[PDB]
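Asker: Next up is a structure, given as structure tokens.
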Amino acid sequence: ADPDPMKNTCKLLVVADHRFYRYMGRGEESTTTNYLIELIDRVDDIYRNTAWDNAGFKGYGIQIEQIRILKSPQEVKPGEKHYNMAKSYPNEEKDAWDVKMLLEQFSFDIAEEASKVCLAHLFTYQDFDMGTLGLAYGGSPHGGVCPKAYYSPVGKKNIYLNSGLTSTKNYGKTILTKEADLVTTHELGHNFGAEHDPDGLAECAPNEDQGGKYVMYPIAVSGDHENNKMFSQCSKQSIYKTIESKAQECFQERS
Ligand SMILES: COc1ccc2[nH]n(C[C@@]3(C)NC(=O)NC3=O)c(=O)c2c1
Ligand SMILES: [Zn+2]
């Protein structure tokens, strides 16, 4: 397979919710956007430099098309929910939403905009239970790159599963930027078709002395080991097949 430079970039709709704006953006558009621009660019370096077939099938990456900045909580009617509402759901007494329900709600609310982009990604600031940092569709044992309709019987409309989310809060504190970059890499990894690296394949889950785990390992990589910022051969095989199938459908030229 040969790369098409006219169809080698997955353009993103990046959404910063009110929690992200307040806690990460310090209530400023400049601070909020600079954080996301720099994070996406560092993630793009991991992707763009990856040779998916271990040869010349490289130069595939991600770029931001738009950053939506939600400065305040979404006003909701009684019984109505929205990913950007003030309260956490299902438990308002908790700092965070149930992560799966949040990804579902974001996908529902962002459906119209998501239909026009390769991927939509939510950046929030909430302490998900049991150390979870993000969630995404694709590479699950459907969804991922390029909007694919799913009729929601509950929602009564089509939603698109080209979505993921990252939280930069864990255990009551802001995560390191080196940690945040890896969360987003991991979530987009799922979007790109990669499943978790299994323990049973040494090639895909190396020991610490061997450079450590790759980004798709199910236990969040810290970023202090060499392999942490890279995709395993297992992830490359899965993503290679996805890119081959999906680039013509929704990838665009690098800006
Ligand atoms: C480096 O970031 C990572 C790496 C592994 C992770 N595992 N999890 C939990 C969960 C449900 N989310 C996800 O995308 N994969 C999963 O198993 C992170 O939230 C996570 C984040
Ligand atoms: Zn995962």
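Following the order of the structure tokens, first chain is A, next is B, and so on, with residues numbered from 1 inside each chain and ligands from 1 in the order they appear.
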I need the helix (DSSP H, G or I) residues of range 20-252 of chain A per DSSP on the backbone, written as a ChimeraX atom specification.
Answerer: /A:20-23,29-48,99-109,111-114,129-131,177-191,202-204,208-210,226-229,233-250
Asker: Check which residues of chain A sit at most 8 Å from ligand 2 using only C-alpha atoms and all ligand atoms, and return one row each with the closest pair of atoms and their distance in Å to one decimal, ordered by chain and rising number, as a tab-separated table.
Answerer:
residue	atom	partner	partner_atom_place_in_ligand_line	distance
A:134	CA	ligand 2	1 (Zn)	7.8
A:135	CA	ligand 2	1 (Zn)	6.8
A:136	CA	ligand 2	1 (Zn)	7.7
A:186	CA	ligand 2	1 (Zn)	6.2
A:187	CA	ligand 2	1 (Zn)	6.5
A:190	CA	ligand 2	1 (Zn)	6.6
A:195	CA	ligand 2	1 (Zn)	7.1
A:196	CA	ligand 2	1 (Zn)	5.9
A:216	CA	ligand 2	1 (Zn)	6.4
A:217	CA	ligand 2	1 (Zn)	7.3
A:218	CA	ligand 2	1 (Zn)	5.5
Asker: Ligand 1: which residues are within 9 Å, counting only C-alpha atoms and all ligand atoms, as a ChimeraX atom specification?
Answerer: /A:99-100,128,130-137,164-167,179-190,195-196,215-223,228-229
Asker: Of the candidates A:64, A:175, A:85, A:46, which one gets nearest to residue 23 in chain A if we count only C-alpha atoms?
Answerer: A:175
Asker: Which of these, A:234, A:37, A:176, A:149, has the shortest distance to residue 199 in chain A once you count only C-alpha atoms?
Answerer: A:234
Asker: Using CA of residue 153 in chain A and CA of residue 18 in chain A as the two end points, give the distance in Å to one decimal.
Answerer: 28.5 Å
Asker: Compile the contact shell of residue 47 in chain A as a PyMOL selection string: residues with an atom at most 8 Å away, counting only C-alpha atoms, same-chain residues fewer than 6 positions apart removed.
Answerer: chain A and resi 59-62
Asker: Between CA of residue 140 in chain A and CA of residue 197 in chain A, measure the distance and give it in Å to one decimal.
Answerer: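 Distance reported for this atom pair: 11.6 Å.
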Asker: Just checking: using only C-alpha atoms, which residue out of A:14, A:111, A:51, A:118 ends up closest to residue 155 in chain A?
Answerer: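 Going through A:14, A:111, A:51, A:118 one by one, the smallest distance to residue 155 in chain A is for A:111.
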Asker: Which one is closest to residue 102 in chain A: A:241, A:17, A:45, A:169? Count only C-alpha atoms.
Answerer: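 Selected residue with least distance to residue 102 in chain A: A:17.
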Asker: Using DSSP secondary structure from the backbone, list all strand (DSSP E or B) positions within range 38-228 of chain A, as a PyMOL selection string.
Answerer: chain A and resi 61-69+119-124+134-136+149-152+157-160+163-167+169-170+173-174
Asker: Taking only C-alpha atoms into account, which of A:43, A:56, A:22, A:246 comes nearest residue 177 in chain A?
Answerer: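 Using only C-alpha atoms, residue 177 in chain A sits closest to A:43.
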Asker: Have a look at A:113, A:65, A:129, A:38 and name the one nearest to residue 162 in chain A; count only C-alpha atoms.
Answerer: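 Counting only C-alpha atoms, the residue closest to residue 162 in chain A is A:113.
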Asker: Considering only C-alpha atoms, return as a list in words whatever protein or nucleic-acid residues lie within 9 Å of residue 107 in chain A, sequence-local ones (same chain, fewer than 5 positions apart) excluded.
Answerer: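 Here the qualifying residues turn out to be residues 83, 102, 114, 120, 159, 160, 161, 162, 163 and 164 of chain A.
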Asker: What does the distance from CA of residue 145 in chain A to CA of residue 227 in chain A come to in Å, to one decimal?
Answerer: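 CA of residue 227 in chain A lies 24.2 Å from CA of residue 145 in chain A.
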Asker: Quick one: residues within 12 Å of residue 28 in chain A, only C-alpha atoms counted, chain neighbours fewer than 3 positions away excluded, as a PDB file with C-alpha atoms, in the first residue's frame?
Answerer:
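result.pdb, written as the output of this step:
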ATOM      1  CA  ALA A  16     -13.069  21.886  25.721  1.00  0.00           C
ATOM      2  CA  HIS A  18     -16.660  24.276  30.989  1.00  0.00           C
ATOM      3  CA  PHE A  20     -11.639  22.121  31.182  1.00  0.00           C
ATOM      4  CA  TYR A  21     -12.032  25.882  30.516  1.00  0.00           C
ATOM      5  CA  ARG A  22     -12.153  26.681  34.258  1.00  0.00           C
ATOM      6  CA  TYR A  23      -9.584  24.208  35.656  1.00  0.00           C
ATOM      7  CA  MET A  24      -7.065  23.813  32.785  1.00  0.00           C
ATOM      8  CA  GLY A  25      -7.714  27.003  30.814  1.00  0.00           C
ATOM      9  CA  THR A  31      -4.649  29.282  27.800  1.00  0.00           C
ATOM     10  CA  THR A  32      -7.321  26.653  26.924  1.00  0.00           C
ATOM     11  CA  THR A  33      -6.470  26.593  23.184  1.00  0.00           C
ATOM     12  CA  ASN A  34      -2.660  26.730  23.633  1.00  0.00           C
ATOM     13  CA  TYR A  35      -2.877  23.634  25.895  1.00  0.00           C
ATOM     14  CA  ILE A  69     -14.647  26.278  23.869  1.00  0.00           C
ATOM     15  CA  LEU A  70     -17.601  25.980  26.283  1.00  0.00           C
ATOM     16  CA  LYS A  71     -17.067  28.826  28.735  1.00  0.00           C
ATOM     17  CA  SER A  72     -20.015  28.033  30.995  1.00  0.00           C
TER      18      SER A  72
END
